[PDB]
Structure formats: structure tokens, C-alpha cells
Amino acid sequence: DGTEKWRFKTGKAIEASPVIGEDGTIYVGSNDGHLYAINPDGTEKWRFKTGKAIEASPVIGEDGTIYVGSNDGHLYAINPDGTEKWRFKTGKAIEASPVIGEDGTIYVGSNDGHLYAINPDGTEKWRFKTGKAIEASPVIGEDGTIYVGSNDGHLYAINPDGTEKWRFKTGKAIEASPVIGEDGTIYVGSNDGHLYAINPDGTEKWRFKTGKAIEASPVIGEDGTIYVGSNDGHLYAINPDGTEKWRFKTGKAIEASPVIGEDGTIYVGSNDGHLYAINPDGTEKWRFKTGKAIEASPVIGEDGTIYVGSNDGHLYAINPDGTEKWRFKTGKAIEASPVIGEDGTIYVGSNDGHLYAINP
């Protein structure tokens, strides 16, 4: 129905998506430096104080441990009951969510230029230094290889034991996580205006030029087509062999990844303030107007409803035919993707400091 179930006020703006635990608890970081655990009914379960803003979504381990970074430089491991399990100090702020390996190893980038590998018990397993800050979360391959980008423009492939496998130079800084295809191919966008497709062994498979920094990760459709947005406002559909399938123009920079619907429709947000629905063949299905730039990916509900945040303060729910279902007005601006619960409740963080729970 689009009605407010409850809202939970935190001290400051919420800038990253909430994460839902197996028991329904909703975890979200706020700029007030705390990690909140909110009960499904809107009451507080606990809050964990850190020294600075938490800008990235928390990650939940197999044992229920919630891991989240903070601008105070530390990776925190929080028990389900809200007590600290351990804390690991890095040089600079950590801007992106951690990643957990098959054996429980927690990988996290910090602004000090190193990729850290932290054991389940909190001790350092290893660290690997890059030339510059690691902006985006690392990605792990089927063999445990850790792929991570860096402001120094290089893509690194790090082995589970911490040694370097290879690195792949691109023209400029890499700001979005790599995405790996089913055949093992590693795809990453660069600020140098190209999409790079890199083989598991470190050689280039192909490169595809866009002309402006990509800044968001590729998404792969079921048929292998790779879709990437660029700051030039175009959405590219690239075949697995590196040739172009089609391109679609949006008004302004595409700063978040596209999402593909069950029927093949490709949805993408634009800084021009519109949400585009693009048919598999490259034609436009529809264009839905919001009042300001859409900085985060749309999320699709089980009924097919598309939910997007907007800088104009509203949460939009759009029917698959392009008409509006409803809009919900938050105080300031919605920076992160909505997350949908097991009962269909849509949770979203807003810059007004509140976490909202919106009915379907």
C-alpha cells in the first residue's frame, strides 16, 4: 500500500543501505557513528558506538557476527547481542563494506592504500599495499582470488595466502568493484573511459571505450551481455566478444549500476533525475521522472514493482508498465538503495537521519 509502518530516528543522516539478518533484525549505520540493530517492530534492539560515521553497509558472517567499517579507521566485529567481539585498526577511514571469504577471512579496503585480510579471531592474516586508497569492496573468485580496485588505476588479483597473482594497469583510477562472469572473466570499469574484460590469468580479453569515467560496476544479464553506465550518460550493452550490442542515451551521468528485471527489462538511474526502463533490444520501454538525480540502483520487488530512491527526498514505487504506484516523502534525500524484507517491507535510509519501513 505504500504506507509508513514505522520510522526510527538516528542522530544523523543514514548514507548506506540497511542489512537484514536471518532473525529479521535490521542493521544500518548512521553518520552519528553508531551501528543500529532495529527490531522488526521499530524498537531498538541495541546500538554500538564507534568514533566516527559509518558510510558503508554492514556484512553478516556465518555465525551471525556483524562486521562493519567506520571512518574512525577500525573494522568492528559485533556479536548478535550488541557487545564487541573484536576490533581491528587500519591507517585511514574505511569507506566500503567488508567481504568474507570461504574460510571466514574478512577482507576490507582502507583509505591508507592497503587491502587487509583479517582472521575470524581479529588478528591480521596479511595486508597488501596498493599505490592509493581502495574505494570499493573487493571481489572473490571461485578459487578464492581476491580482486580489488585502487585509486592508483590498477586492478589487483591477490591470492588467498596474500601473495600477488598479477595486476592489470588501466589508464585511470578504478572506483567500482569488479564483476566476474560465469566463464571466469573479470570485468571492471576505469575512469580512463573504458570497460576492461580481463582473463583469469591477468591478460586482457578485450577493452571497450565509453569516453567518460564509468564509476559504477558492470552487471551481466543471463545471456552474457554486459551492461555498464558511464558519466557521458550512455548505457552500453556489450556482447561477450567485446563488440557493441546497442547503446542508450540518458541525460546525465549514470552513477549507479543497472538492474535487470525478470522479463529482461534493464532499469537504470540517471543524474538527469529520471529512471529508465530499456527493452532487451535497446529500445526505450519508459522513462519515469523524479525531481533530482538518482544516485543509487533501483530495487525490484517480488510483484515486479520497482523502488528507487531520489535526491528529492521521495521513495518511488513504479509499476512495471511505467505508471506510478505511490511515492513516500522522507525529510531530505535518499542516497542508498532500498532493501526489501521477507514480508515485503521496504526499508530505506534517508539523509534526515531516519530509517523508514514502508509497507508494499
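Start at 1 with the first residue shown and count on from there.
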| item | value |
| --- | --- |
| Residue range whose averaged C-alpha B-factor is higher in the record, 75-83 or 127-135 | 127-135 |
| Entry-level comparison of average CA B-factors, 274-282 and 161-169, reporting the higher stretch | 161-169 |
| Options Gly193, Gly251, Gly144, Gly269 - largest CA temperature factor per the record | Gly193 |
| Residue, from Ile54, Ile318, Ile66, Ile300, that the PDB entry assigns the highest Cα B-factor | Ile54 |
| CA B-factor placement of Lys289, once the chain's modelled residues are sorted into thirds | middle |
| Within-chain third of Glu204 by Cα B-factor, per the entry | highest |
| Third of chain Cα B-factors occupied by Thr50 | highest |
| Position of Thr305 among the chain's modelled residues by C-alpha B-factor, lowest, middle or highest third | middle |
| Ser257 CA temperature factor, ranked by third within the chain | lowest |
